[PDB]
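**Student:** This is the content of coords04.tsv (TSV, N, CA and C atoms):
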chain	number	residue	atom	x	y	z
V	1	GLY	N	130.41	2.62	-71.52
V	1	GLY	CA	129.26	1.84	-71.09
V	1	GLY	C	129.10	1.89	-69.57
V	2	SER	N	127.86	2.06	-69.14
V	2	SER	CA	127.56	2.13	-67.72
V	2	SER	C	128.38	3.25	-67.07
V	3	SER	N	127.87	4.47	-67.20
V	3	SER	CA	128.54	5.62	-66.63
V	3	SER	C	127.51	6.57	-66.01
V	4	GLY	N	126.58	7.00	-66.83
V	4	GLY	CA	125.53	7.90	-66.38
V	4	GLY	C	124.34	7.90	-67.34
V	5	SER	N	123.38	7.04	-67.03
V	5	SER	CA	122.19	6.92	-67.86
V	5	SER	C	121.65	8.31	-68.19
V	6	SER	N	121.24	9.02	-67.15
V	6	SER	CA	120.70	10.36	-67.31
V	6	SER	C	120.53	11.03	-65.95
V	7	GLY	N	121.57	11.75	-65.55
V	7	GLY	CA	121.56	12.44	-64.27
V	7	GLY	C	121.05	11.53	-63.16
V	8	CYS	N	120.24	12.11	-62.28
V	8	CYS	CA	119.69	11.36	-61.17
V	8	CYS	C	119.09	10.06	-61.71
V	9	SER	N	118.76	9.16	-60.79
V	9	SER	CA	118.18	7.88	-61.17
V	9	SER	C	117.49	7.25	-59.96
V	10	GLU	N	116.50	6.42	-60.25
V	10	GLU	CA	115.76	5.74	-59.20
V	10	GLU	C	116.43	4.41	-58.85
V	11	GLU	N	117.17	3.89	-59.81
V	11	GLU	CA	117.86	2.62	-59.61
V	11	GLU	C	119.07	2.82	-58.69
V	12	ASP	N	120.02	3.61	-59.17
V	12	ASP	CA	121.22	3.88	-58.40
V	12	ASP	C	120.83	4.27	-56.97
V	13	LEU	N	119.74	5.03	-56.88
V	13	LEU	CA	119.26	5.48	-55.58
V	13	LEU	C	118.94	4.26	-54.71
V	14	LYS	N	117.87	3.57	-55.09
V	14	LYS	CA	117.45	2.39	-54.35
V	14	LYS	C	118.69	1.59	-53.93
V	15	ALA	N	119.64	1.49	-54.85
V	15	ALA	CA	120.86	0.76	-54.59
V	15	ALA	C	121.47	1.25	-53.27
V	16	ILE	N	121.62	2.56	-53.17
V	16	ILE	CA	122.19	3.16	-51.97
V	16	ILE	C	121.30	2.81	-50.77
V	17	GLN	N	120.01	3.08	-50.93
V	17	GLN	CA	119.06	2.80	-49.87
V	17	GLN	C	119.39	1.46	-49.20
V	18	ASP	N	119.52	0.44	-50.03
V	18	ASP	CA	119.83	-0.89	-49.53
V	18	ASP	C	121.07	-0.82	-48.64
V	19	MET	N	122.09	-0.14	-49.14
V	19	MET	CA	123.33	0.01	-48.40
V	19	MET	C	123.11	0.82	-47.12
V	20	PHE	N	122.33	1.88	-47.26
V	20	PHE	CA	122.03	2.74	-46.12
V	20	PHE	C	120.52	2.92	-45.95
V	21	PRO	N	119.88	1.86	-45.40
V	21	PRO	CA	118.44	1.89	-45.18
V	21	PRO	C	118.09	2.77	-43.98
V	22	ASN	N	118.95	2.71	-42.97
V	22	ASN	CA	118.75	3.49	-41.76
V	22	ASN	C	118.67	4.98	-42.13
V	23	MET	N	119.58	5.39	-43.00
V	23	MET	CA	119.62	6.77	-43.44
V	23	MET	C	118.24	7.24	-43.91
V	24	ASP	N	118.17	8.52	-44.24
V	24	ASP	CA	116.92	9.11	-44.71
V	24	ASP	C	116.95	9.21	-46.23
V	25	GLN	N	115.84	8.81	-46.84
V	25	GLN	CA	115.73	8.85	-48.29
V	25	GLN	C	115.97	10.27	-48.80
V	26	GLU	N	115.13	11.19	-48.34
V	26	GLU	CA	115.25	12.58	-48.74
V	26	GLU	C	116.72	13.02	-48.72
V	27	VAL	N	117.46	12.44	-47.79
V	27	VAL	CA	118.87	12.76	-47.66
V	27	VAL	C	119.66	12.07	-48.77
V	28	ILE	N	119.54	10.75	-48.81
V	28	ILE	CA	120.23	9.96	-49.81
V	28	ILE	C	120.11	10.66	-51.17
V	29	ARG	N	118.88	11.01	-51.52
V	29	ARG	CA	118.63	11.68	-52.78
V	29	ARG	C	119.28	13.06	-52.79
V	30	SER	N	119.19	13.73	-51.65
V	30	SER	CA	119.77	15.06	-51.51
V	30	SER	C	121.27	15.01	-51.79
V	31	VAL	N	121.81	13.80	-51.74
V	31	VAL	CA	123.22	13.60	-51.99
V	31	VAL	C	123.44	13.25	-53.47
V	32	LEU	N	122.76	12.19	-53.90
V	32	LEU	CA	122.87	11.75	-55.28
V	32	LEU	C	122.63	12.94	-56.21
V	33	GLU	N	121.66	13.76	-55.84
V	33	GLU	CA	121.33	14.93	-56.63
V	33	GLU	C	122.45	15.97	-56.55
V	34	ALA	N	123.02	16.08	-55.35
V	34	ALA	CA	124.10	17.02	-55.13
V	34	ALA	C	125.42	16.42	-55.62
V	35	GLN	N	125.34	15.15	-56.01
V	35	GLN	CA	126.51	14.45	-56.51
V	35	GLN	C	126.37	14.17	-58.01
V	36	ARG	N	125.93	15.20	-58.73
V	36	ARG	CA	125.75	15.08	-60.16
V	36	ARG	C	125.17	13.70	-60.51
V	37	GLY	N	124.40	13.17	-59.58
V	37	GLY	CA	123.79	11.86	-59.78
V	37	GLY	C	124.85	10.77	-59.90
V	38	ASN	N	125.78	10.78	-58.96
V	38	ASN	CA	126.85	9.80	-58.95
V	38	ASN	C	126.76	8.96	-57.67
V	39	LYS	N	126.11	7.81	-57.80
V	39	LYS	CA	125.95	6.91	-56.67
V	39	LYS	C	127.28	6.81	-55.91
V	40	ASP	N	128.30	6.38	-56.63
V	40	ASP	CA	129.62	6.23	-56.04
V	40	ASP	C	129.92	7.45	-55.17
V	41	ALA	N	129.94	8.61	-55.80
V	41	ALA	CA	130.22	9.85	-55.10
V	41	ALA	C	129.29	9.95	-53.88
V	42	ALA	N	128.02	9.66	-54.12
V	42	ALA	CA	127.03	9.72	-53.06
V	42	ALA	C	127.45	8.77	-51.93
V	43	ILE	N	127.50	7.49	-52.26
V	43	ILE	CA	127.88	6.48	-51.29
V	43	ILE	C	129.03	7.01	-50.43
V	44	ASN	N	130.08	7.47	-51.11
V	44	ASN	CA	131.24	8.00	-50.42
V	44	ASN	C	130.82	9.19	-49.56
V	45	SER	N	130.01	10.05	-50.15
V	45	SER	CA	129.52	11.23	-49.44
V	45	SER	C	128.75	10.81	-48.19
V	46	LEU	N	127.80	9.90	-48.40
V	46	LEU	CA	126.99	9.41	-47.30
V	46	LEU	C	127.90	8.79	-46.23
V	47	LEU	N	128.77	7.91	-46.69
V	47	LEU	CA	129.70	7.24	-45.79
V	47	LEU	C	130.28	8.26	-44.82
V	48	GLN	N	130.95	9.26	-45.38
V	48	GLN	CA	131.56	10.30	-44.57
V	48	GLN	C	130.49	11.03	-43.76
V	49	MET	N	129.52	11.58	-44.47
V	49	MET	CA	128.43	12.30	-43.83
V	49	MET	C	127.90	11.54	-42.62
V	50	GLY	N	127.69	12.27	-41.54
V	50	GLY	CA	127.18	11.68	-40.32
V	50	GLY	C	128.32	11.08	-39.49
V	51	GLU	N	127.95	10.14	-38.63
V	51	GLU	CA	128.92	9.48	-37.77
V	51	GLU	C	128.63	7.98	-37.70
V	52	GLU	N	129.64	7.20	-38.06
V	52	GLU	CA	129.51	5.75	-38.03
V	52	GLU	C	130.10	5.19	-36.74
V	53	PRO	N	129.52	4.03	-36.30
V	53	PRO	CA	129.98	3.38	-35.09
V	53	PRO	C	131.32	2.67	-35.31
V	54	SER	N	132.38	3.33	-34.87
V	54	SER	CA	133.72	2.77	-35.02
V	54	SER	C	133.78	1.38	-34.39
V	55	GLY	N	134.81	0.64	-34.77
V	55	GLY	CA	134.99	-0.70	-34.25
V	55	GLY	C	135.74	-1.58	-35.25
V	56	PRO	N	135.55	-2.92	-35.11
V	56	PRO	CA	136.20	-3.87	-35.99
V	56	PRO	C	135.53	-3.89	-37.37
V	57	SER	N	136.36	-3.98	-38.40
V	57	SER	CA	135.86	-4.00	-39.76
V	57	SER	C	136.61	-5.07	-40.57
V	58	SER	N	135.83	-5.95	-41.18
V	58	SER	CA	136.40	-7.02	-41.98
V	58	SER	C	135.65	-7.13	-43.31
V	59	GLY	N	134.35	-7.37	-43.20
V	59	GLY	CA	133.52	-7.50	-44.38
V	59	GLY	C	133.57	-8.93	-44.94
Using structure tokens, write down the structure from this file.
**Tutor:**
Amino acid sequence: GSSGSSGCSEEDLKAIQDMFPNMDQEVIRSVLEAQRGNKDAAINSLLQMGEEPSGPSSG
């Protein structure tokens, strides 16, 4: 249950967008699509991809 509805998705996507709004959509999708439609994989991919502002992290 809850694994992969059907390849890419508009939901999982938007989800990422929220997380990475600054990022570019075409990119986000370019990842999810390149990530067998795996948000998780994408998120991780996006995270790494590019350069984040180092500093303190707590959450």
**Student:** From the set V:15, V:45, V:7, V:53, which residue has the shortest atom-to-atom contact distance to residue 33 (chain V), counting only C-alpha atoms?
**Tutor:**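 Closest to residue 33 (chain V), using only C-alpha atoms: V:7.
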**Student:** Give the helix (DSSP H, G or I) residues of chain V, as assigned by DSSP on the backbone, as a list in words.
**Tutor:**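 So, restricting chain V to helix (DSSP H, G or I), we get residues 10, 11, 12, 13, 14, 15, 16, 17, 18, 19, 25, 26, 27, 28, 29, 30, 31, 32, 39, 40, 41, 42, 43, 44, 45, 46, 47 and 48 of chain V.
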**Student:** Using N, CA and C atoms, can you write the selected residues to a file as a PDB file, keeping the file's coordinate frame?
**Tutor:**
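Listed below is the output, selection29.pdb:
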ATOM      1  N   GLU V  10     116.500   6.420 -60.250  1.00  0.00           N
ATOM      2  CA  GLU V  10     115.760   5.740 -59.200  1.00  0.00           C
ATOM      3  C   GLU V  10     116.430   4.410 -58.850  1.00  0.00           C
ATOM      4  N   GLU V  11     117.170   3.890 -59.810  1.00  0.00           N
ATOM      5  CA  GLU V  11     117.860   2.620 -59.610  1.00  0.00           C
ATOM      6  C   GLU V  11     119.070   2.820 -58.690  1.00  0.00           C
ATOM      7  N   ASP V  12     120.020   3.610 -59.170  1.00  0.00           N
ATOM      8  CA  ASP V  12     121.220   3.880 -58.400  1.00  0.00           C
ATOM      9  C   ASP V  12     120.830   4.270 -56.970  1.00  0.00           C
ATOM     10  N   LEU V  13     119.740   5.030 -56.880  1.00  0.00           N
ATOM     11  CA  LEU V  13     119.260   5.480 -55.580  1.00  0.00           C
ATOM     12  C   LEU V  13     118.940   4.260 -54.710  1.00  0.00           C
ATOM     13  N   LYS V  14     117.870   3.570 -55.090  1.00  0.00           N
ATOM     14  CA  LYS V  14     117.450   2.390 -54.350  1.00  0.00           C
ATOM     15  C   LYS V  14     118.690   1.590 -53.930  1.00  0.00           C
ATOM     16  N   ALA V  15     119.640   1.490 -54.850  1.00  0.00           N
ATOM     17  CA  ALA V  15     120.860   0.760 -54.590  1.00  0.00           C
ATOM     18  C   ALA V  15     121.470   1.250 -53.270  1.00  0.00           C
ATOM     19  N   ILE V  16     121.620   2.560 -53.170  1.00  0.00           N
ATOM     20  CA  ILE V  16     122.190   3.160 -51.970  1.00  0.00           C
ATOM     21  C   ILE V  16     121.300   2.810 -50.770  1.00  0.00           C
ATOM     22  N   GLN V  17     120.010   3.080 -50.930  1.00  0.00           N
ATOM     23  CA  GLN V  17     119.060   2.800 -49.870  1.00  0.00           C
ATOM     24  C   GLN V  17     119.390   1.460 -49.200  1.00  0.00           C
ATOM     25  N   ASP V  18     119.520   0.440 -50.030  1.00  0.00           N
ATOM     26  CA  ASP V  18     119.830  -0.890 -49.530  1.00  0.00           C
ATOM     27  C   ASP V  18     121.070  -0.820 -48.640  1.00  0.00           C
ATOM     28  N   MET V  19     122.090  -0.140 -49.140  1.00  0.00           N
ATOM     29  CA  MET V  19     123.330   0.010 -48.400  1.00  0.00           C
ATOM     30  C   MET V  19     123.110   0.820 -47.120  1.00  0.00           C
ATOM     31  N   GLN V  25     115.840   8.810 -46.840  1.00  0.00           N
ATOM     32  CA  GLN V  25     115.730   8.850 -48.290  1.00  0.00           C
ATOM     33  C   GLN V  25     115.970  10.270 -48.800  1.00  0.00           C
ATOM     34  N   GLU V  26     115.130  11.190 -48.340  1.00  0.00           N
ATOM     35  CA  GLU V  26     115.250  12.580 -48.740  1.00  0.00           C
ATOM     36  C   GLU V  26     116.720  13.020 -48.720  1.00  0.00           C
ATOM     37  N   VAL V  27     117.460  12.440 -47.790  1.00  0.00           N
ATOM     38  CA  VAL V  27     118.870  12.760 -47.660  1.00  0.00           C
ATOM     39  C   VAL V  27     119.660  12.070 -48.770  1.00  0.00           C
ATOM     40  N   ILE V  28     119.540  10.750 -48.810  1.00  0.00           N
ATOM     41  CA  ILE V  28     120.230   9.960 -49.810  1.00  0.00           C
ATOM     42  C   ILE V  28     120.110  10.660 -51.170  1.00  0.00           C
ATOM     43  N   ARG V  29     118.880  11.010 -51.520  1.00  0.00           N
ATOM     44  CA  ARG V  29     118.630  11.680 -52.780  1.00  0.00           C
ATOM     45  C   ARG V  29     119.280  13.060 -52.790  1.00  0.00           C
ATOM     46  N   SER V  30     119.190  13.730 -51.650  1.00  0.00           N
ATOM     47  CA  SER V  30     119.770  15.060 -51.510  1.00  0.00           C
ATOM     48  C   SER V  30     121.270  15.010 -51.790  1.00  0.00           C
ATOM     49  N   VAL V  31     121.810  13.800 -51.740  1.00  0.00           N
ATOM     50  CA  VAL V  31     123.220  13.600 -51.990  1.00  0.00           C
ATOM     51  C   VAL V  31     123.440  13.250 -53.470  1.00  0.00           C
ATOM     52  N   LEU V  32     122.760  12.190 -53.900  1.00  0.00           N
ATOM     53  CA  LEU V  32     122.870  11.750 -55.280  1.00  0.00           C
ATOM     54  C   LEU V  32     122.630  12.940 -56.210  1.00  0.00           C
ATOM     55  N   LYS V  39     126.110   7.810 -57.800  1.00  0.00           N
ATOM     56  CA  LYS V  39     125.950   6.910 -56.670  1.00  0.00           C
ATOM     57  C   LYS V  39     127.280   6.810 -55.910  1.00  0.00           C
ATOM     58  N   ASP V  40     128.300   6.380 -56.630  1.00  0.00           N
ATOM     59  CA  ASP V  40     129.620   6.230 -56.040  1.00  0.00           C
ATOM     60  C   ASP V  40     129.920   7.450 -55.170  1.00  0.00           C
ATOM     61  N   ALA V  41     129.940   8.610 -55.800  1.00  0.00           N
ATOM     62  CA  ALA V  41     130.220   9.850 -55.100  1.00  0.00           C
ATOM     63  C   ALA V  41     129.290   9.950 -53.880  1.00  0.00           C
ATOM     64  N   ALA V  42     128.020   9.660 -54.120  1.00  0.00           N
ATOM     65  CA  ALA V  42     127.030   9.720 -53.060  1.00  0.00           C
ATOM     66  C   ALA V  42     127.450   8.770 -51.930  1.00  0.00           C
ATOM     67  N   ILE V  43     127.500   7.490 -52.260  1.00  0.00           N
ATOM     68  CA  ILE V  43     127.880   6.480 -51.290  1.00  0.00           C
ATOM     69  C   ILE V  43     129.030   7.010 -50.430  1.00  0.00           C
ATOM     70  N   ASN V  44     130.080   7.470 -51.110  1.00  0.00           N
ATOM     71  CA  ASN V  44     131.240   8.000 -50.420  1.00  0.00           C
ATOM     72  C   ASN V  44     130.820   9.190 -49.560  1.00  0.00           C
ATOM     73  N   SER V  45     130.010  10.050 -50.150  1.00  0.00           N
ATOM     74  CA  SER V  45     129.520  11.230 -49.440  1.00  0.00           C
ATOM     75  C   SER V  45     128.750  10.810 -48.190  1.00  0.00           C
ATOM     76  N   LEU V  46     127.800   9.900 -48.400  1.00  0.00           N
ATOM     77  CA  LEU V  46     126.990   9.410 -47.300  1.00  0.00           C
ATOM     78  C   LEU V  46     127.900   8.790 -46.230  1.00  0.00           C
ATOM     79  N   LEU V  47     128.770   7.910 -46.690  1.00  0.00           N
ATOM     80  CA  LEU V  47     129.700   7.240 -45.790  1.00  0.00           C
ATOM     81  C   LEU V  47     130.280   8.260 -44.820  1.00  0.00           C
ATOM     82  N   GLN V  48     130.950   9.260 -45.380  1.00  0.00           N
ATOM     83  CA  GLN V  48     131.560  10.300 -44.570  1.00  0.00           C
ATOM     84  C   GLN V  48     130.490  11.030 -43.760  1.00  0.00           C
TER      85      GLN V  48
END
**Student:** Need to verify the contact set: residue 22 (chain V), 12 Å, only C-alpha atoms, exclusion of same-chain residues closer than 6 positions in sequence. Can you return it as a compact mmCIF listing (two decimals) with N, CA and C atoms, in the frame of the given file?
**Tutor:**
# COMPACT_ATOMS: atom_id res chain seq x y z
N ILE V 16 121.62 2.56 -53.17
CA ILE V 16 122.19 3.16 -51.97
C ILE V 16 121.30 2.81 -50.77
N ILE V 28 119.54 10.75 -48.81
CA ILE V 28 120.23 9.96 -49.81
C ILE V 28 120.11 10.66 -51.17
N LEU V 46 127.80 9.90 -48.40
CA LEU V 46 126.99 9.41 -47.30
C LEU V 46 127.90 8.79 -46.23
N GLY V 50 127.69 12.27 -41.54
CA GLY V 50 127.18 11.68 -40.32
C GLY V 50 128.32 11.08 -39.49
N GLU V 52 129.64 7.20 -38.06
CA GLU V 52 129.51 5.75 -38.03
C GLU V 52 130.10 5.19 -36.74
**Student:** Can you list, as JSON, numbers by chain, every protein, DNA or RNA residue that comes within 9 Å of residue 29 (chain V) when you count only C-alpha atoms, leaving out same-chain residues fewer than 4 positions away?
**Tutor:** {"V": [8, 13, 24, 25, 33, 34, 37, 42]}
**Student:** Please measure the separation of CA of residue 1 (chain V) and atom C of residue 20 (chain V), giving the value in Å to one decimal.
**Tutor:** 26.6 Å
**Student:** Please, what distance in Å, to one decimal, runs between atom N of residue 12 (chain V) and CA of residue 39 (chain V)?
**Tutor:**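 Atom N of residue 12 (chain V) sits 7.2 Å away from CA of residue 39 (chain V).
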**Student:** Between atom N of residue 9 (chain V) and atom C of residue 30 (chain V), what is the distance in Å, rounded to a tenth?
**Tutor:**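 Separation between atom N of residue 9 (chain V) and atom C of residue 30 (chain V): 11.0 Å.
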**Student:** Given the choices V:57, V:38, V:17, V:26, which gets closest to residue 3 (chain V) if the distance is worked out from only C-alpha atoms?
**Tutor:**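 Closest candidate: V:38.
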**Student:** Kindly add N, CA, C and O atoms to the incomplete region 32-45 of chain V and provide the output as a short mmCIF file (atom, residue, chain, number, x, y, z; two decimals), in the coordinates of the input.
**Tutor:**
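Written out: rebuild_25.cif:
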data_model
loop_
_atom_site.label_atom_id
_atom_site.label_comp_id
_atom_site.auth_asym_id
_atom_site.auth_seq_id
_atom_site.Cartn_x
_atom_site.Cartn_y
_atom_site.Cartn_z
N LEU V 32 122.76 12.19 -53.90
CA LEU V 32 122.87 11.75 -55.28
C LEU V 32 122.63 12.94 -56.21
O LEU V 32 123.32 13.08 -57.22
N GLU V 33 121.66 13.76 -55.84
CA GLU V 33 121.33 14.93 -56.63
C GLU V 33 122.45 15.97 -56.55
O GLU V 33 122.77 16.62 -57.53
N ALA V 34 123.02 16.08 -55.35
CA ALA V 34 124.10 17.02 -55.13
C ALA V 34 125.42 16.42 -55.62
O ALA V 34 126.45 17.09 -55.64
N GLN V 35 125.34 15.15 -56.01
CA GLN V 35 126.51 14.45 -56.51
C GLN V 35 126.37 14.17 -58.01
O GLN V 35 126.65 13.07 -58.47
N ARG V 36 125.93 15.20 -58.73
CA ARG V 36 125.75 15.08 -60.16
C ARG V 36 125.17 13.70 -60.51
O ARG V 36 125.43 13.18 -61.59
N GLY V 37 124.40 13.17 -59.58
CA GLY V 37 123.79 11.86 -59.78
C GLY V 37 124.85 10.77 -59.90
O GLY V 37 124.80 9.96 -60.82
N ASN V 38 125.78 10.78 -58.96
CA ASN V 38 126.85 9.80 -58.95
C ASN V 38 126.76 8.96 -57.67
O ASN V 38 127.25 9.37 -56.62
N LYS V 39 126.11 7.81 -57.80
CA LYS V 39 125.95 6.91 -56.67
C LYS V 39 127.28 6.81 -55.91
O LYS V 39 127.34 7.11 -54.72
N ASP V 40 128.30 6.38 -56.63
CA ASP V 40 129.62 6.23 -56.04
C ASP V 40 129.92 7.45 -55.17
O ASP V 40 130.13 7.31 -53.96
N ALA V 41 129.94 8.61 -55.80
CA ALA V 41 130.22 9.85 -55.10
C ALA V 41 129.29 9.95 -53.88
O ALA V 41 129.74 10.28 -52.79
N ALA V 42 128.02 9.66 -54.12
CA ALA V 42 127.03 9.72 -53.06
C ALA V 42 127.45 8.77 -51.93
O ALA V 42 127.71 9.21 -50.81
N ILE V 43 127.50 7.49 -52.26
CA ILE V 43 127.88 6.48 -51.29
C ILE V 43 129.03 7.01 -50.43
O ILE V 43 128.95 7.00 -49.20
N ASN V 44 130.08 7.47 -51.11
CA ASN V 44 131.24 8.00 -50.42
C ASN V 44 130.82 9.19 -49.56
O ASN V 44 131.22 9.29 -48.40
N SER V 45 130.01 10.05 -50.15
CA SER V 45 129.52 11.23 -49.44
C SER V 45 128.75 10.81 -48.19
O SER V 45 129.02 11.29 -47.10
#
